[PDB]
Structures are given as C-alpha cells and as structure tokens.
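A.B. asks:
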Amino acid sequence: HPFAXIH
Amino acid sequence: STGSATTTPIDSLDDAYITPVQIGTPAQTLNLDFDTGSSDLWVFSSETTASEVXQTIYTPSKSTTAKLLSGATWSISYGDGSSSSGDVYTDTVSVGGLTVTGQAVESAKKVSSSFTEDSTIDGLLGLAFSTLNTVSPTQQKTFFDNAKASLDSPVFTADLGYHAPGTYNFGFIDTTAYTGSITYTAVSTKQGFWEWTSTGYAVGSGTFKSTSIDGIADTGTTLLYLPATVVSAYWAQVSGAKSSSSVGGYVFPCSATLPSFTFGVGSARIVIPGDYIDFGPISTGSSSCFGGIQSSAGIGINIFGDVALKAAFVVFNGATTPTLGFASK
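Line by line, the protein sequences give chains B and A. Using the entry's author numbering, the letters of the first sequence correspond one by one to residues 401 to 407. Using the entry's author numbering, the letters of the second sequence correspond one by one to residues 1 to 329.
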C-alpha cells in the first residue's frame, strides 16, 4: 500500500 | 535544545512511519507522518468534514495557545494523488521534547479519501524547505525552520527501522546510531526538496556504475524510485522478476533471495539489503511479491524513499547552505 507524499 | 522521538511503521509493510507530535495547550498528541518531501504541518481537526474523519483530531478551541492566522488558507496535493485543504492556526508544537512556539498548524477542513482510509495517520509534518509550504497569502515555516534558533545544531536525523521502531532526532547527531562515518553531499534547494546527486549504483556483488542520479530524500515515500535503466539492471538479476502492467510495477516470486542494491554518496556506499527490497506479497498469501525498487518514469523525479532511507542513518543538515549526510548502520 505504498505512499508517495508535494505535487 | 534537542528533541528525540520514536517513529513506528504503520503496518507490516513499512508503508509509512508515524511519530507522535504534541500540539496545543494542554498538549494534544497526534501521530503524524514526517515527510521530508513536503513542507506543511497539517492535521485532522474538529473542522474536518465529519464524513471524512474515520484518526485523532486536533481541536483548536481546546488549546489556549492556538491563534487563528487571519485570512490564511492552505491546499496541498501529493504525488500519490492525495490532498487536503483548510485554514491555519499558530500554536505550540513539541516533538520529542523540543518545543516550538508559534508554529503554523494547518487545520484540515477536508481530506481526500486515502487519508480518511488510513486510520493510523492523523496528519503530516513536512520537513522539506519552507518555499514549498502551501499557506497563502504568506507561506509558513516548517517545524524544523522554526526550531533552528533554539537547536544545539541546525540538524535533524532520520533513523527509520526495518519492520521496527526508529528515531527522529532534532539538534544533535547520535554517534552510537550508526557505524563508520557520515559522508555529506551537496543539496540543491532550487525545487524546495532535499535534492542531491548520487554518484552511482551497484546491483548485488556486481560493478559500481558511475552515473549521476539526481533525486530527493523523501521519508514520506515508501519505495525507491530510480531511472528505468537502473531499475531494469536490478531486476535482471532476479530470475522470476517481471514488469506487471496490471499490478503497476516489477513483481517477483516471494521466495526469492534478492540481491542488495548499493547507491553512492560521494565516495561512500550505502547498501540496501535484498530483504529490504522484498516489499511484500501482492495480497496476503500470494506467491507474487511487489518490488521495493521501481521506475521513477511515472513520477518524474528520482525518489530515495523509505526502502533506501531505512538502510541508513540520514542527516538533514539545515545550515544556511544545507547538506545531506548518510552513514551505514
């Protein structure tokens, strides 16, 4: 359940 | 002053890490995701739309030190598509014993579904450079930026555990937390990140290839995202590994013993054990596992996420000219 934190 | 706080994986996969944060007077303890890839401290709150709350919330009206920052709003979105927005208080914030007064605490009026769905994370504490902060009209400083005036040294360190608790320290380097010495490398703040250039890589017991890999140190990203050719070189050494269009990345047999992956920091080398790259099964009991090293082509930047960072003791040196240090541990 990977996270990828600013876009 | 200094602070020291324990950080814990939220689940069996090390998907993310939470660290307690005390907000307000009397203290309200929330578990936040410390994110060196962004620069907002935002929280679930008594303001958040009730149907979007499932988390511990900050209640500003129960904090005697909370002040509304008049006219200020915030709105953020992240690489994984999640988002939130709201209004802004200043309040007292403590991490691991280190107290900052006047910290901007961004109170969520709304949060996206992925945040609602993660019961373990009560908000984010951003630790990238303050130029990325989303408060308008005037951007707000990060916890780290506000702490520097009182810190014994303008540094913080990340010591993330492998399926285990670890530590965030502010203001000092614990020389017992790592082996060898720390090698420091230059940081570019032009994009607001802890952006640096790795000197190259090796797969397993193979040769180190000198190739500049520009990327960011991101405690808020789970995996290691690297150039397509680098990632292909890794998975070429895993006999069952294949790229899966449907799963969205490289998959391999869970039973495989994976090679290590080494990245360069100057002349130094950080070795990520194979077991760390064995991220987990695609479902409980599956024979197929998702890889911990994946292509950065989709994201558009290389990201040294937790798979890489948890193999090291990592020093975020926030002097006026910042640098990034890595040591083995």
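We put the CB at the ideal spot given by N, CA and C, even for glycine.
Going by DSSP, name the residue or residues bridged to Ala312/A.
C.D. replies: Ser328/A.
A.B. asks: Output the boundary residues of the beta strand (DSSP E) element that contains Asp35/A.
C.D. replies: Where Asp35/A is concerned, the enclosing beta strand (DSSP E) stretches over 28-35.
A.B. asks: Leaving out five residues before and five after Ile10/A in sequence, what residues of the same chain have Cβ atoms less than 6 Å from its Cβ?
C.D. replies: Excluding sequence neighbours, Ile10/A sits near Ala16, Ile18, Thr120.
A.B. asks: At what residue ranges does the segment 99-169 of chain A contain a whole run of the beta strand (DSSP E), taking only runs of 3 or more?
C.D. replies: List check, beta strand (DSSP E) in window: 123-126, 155-159.
A.B. asks: Let me know if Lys148/A comes out buried or exposed under the rule of 16 or more other beta-carbons within 10 Å of its beta-carbon.
C.D. replies: By the 10 Å Cβ count, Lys148/A comes out buried.
A.B. asks: Between the segment 203-222 of chain A and chain B, which residues of the former have a C-beta closer than 7 Å to a C-beta of the latter?
C.D. replies: Under the 7 Å Cβ criterion, the segment 203-222 of chain A contributes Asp218, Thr219, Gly220, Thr221, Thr222.
A.B. asks: So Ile182/A and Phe279/A are supposed to be a Cβ contact under 8 Å. How far apart are they, rounded?
C.D. replies: At roughly 27 Å, the Cβ-Cβ gap does not stay under 8 Å, so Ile182/A and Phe279/A are not in contact.
A.B. asks: Return the Cβ separation of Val105/A and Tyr58/A in integer angstroms, given the expectation that the two are a contact with Cβ distance under 8 Å.
C.D. replies: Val105/A to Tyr58/A, Cβ: 7 Å. Contact.
A.B. asks: Assign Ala16/A to one of three DSSP states: helix, strand, or coil.
C.D. replies: Three-state DSSP puts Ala16/A in coil, outside helix and strand.
A.B. asks: May I ask you to list the residues that DSSP assigns as paired with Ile216/A?
C.D. replies: Beta-bridge pairing links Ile216/A to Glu195/A, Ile303/A.
A.B. asks: Just how far apart, CA to CA, sit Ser255/A and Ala241/A?
C.D. replies: Straight-line Cα distance between these residues: approximately 11 Å.
A.B. asks: In whole angstroms, give me the CA-to-CA distance for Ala27/A and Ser63/A.
C.D. replies: Going from the Cα of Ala27/A to the Cα of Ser63/A covers about 8 Å.
A.B. asks: By the three-class DSSP mapping on this structure, what secondary structure does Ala5/A have?
C.D. replies: In this structure, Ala5/A counts as strand in the three-state DSSP scheme.
A.B. asks: Quick one: grab the DSSP three-state call for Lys209/A.
C.D. replies: Strand, per DSSP.
A.B. asks: When the Cα atoms are used, what is the spatial distance from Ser288/A to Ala268/A?
C.D. replies: Approximately 34 Å between the Cα atoms of the pair.
A.B. asks: For the segment 37-55 of chain A, which residues have a CB atom closer than 9 Å to at least one CB atom of chain B, in sequence order?
C.D. replies: Of all residues in the segment 37-55 of chain A, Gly37, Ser38, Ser39, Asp40 have a Cβ within less than 9 Å of some Cβ in chain B.
A.B. asks: Going along chain B, which residues have a C-beta under 8 Å from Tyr168/A?
C.D. replies: Chain B residues near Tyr168/A: none, gap ~13 Å exceeds 8 Å.
A.B. asks: Using CA coordinates, which residue listed in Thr25/A, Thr56/A, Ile303/A is at the minimum distance from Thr65/A?
C.D. replies: The shortest C-alpha separation from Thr65/A is found at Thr25/A.
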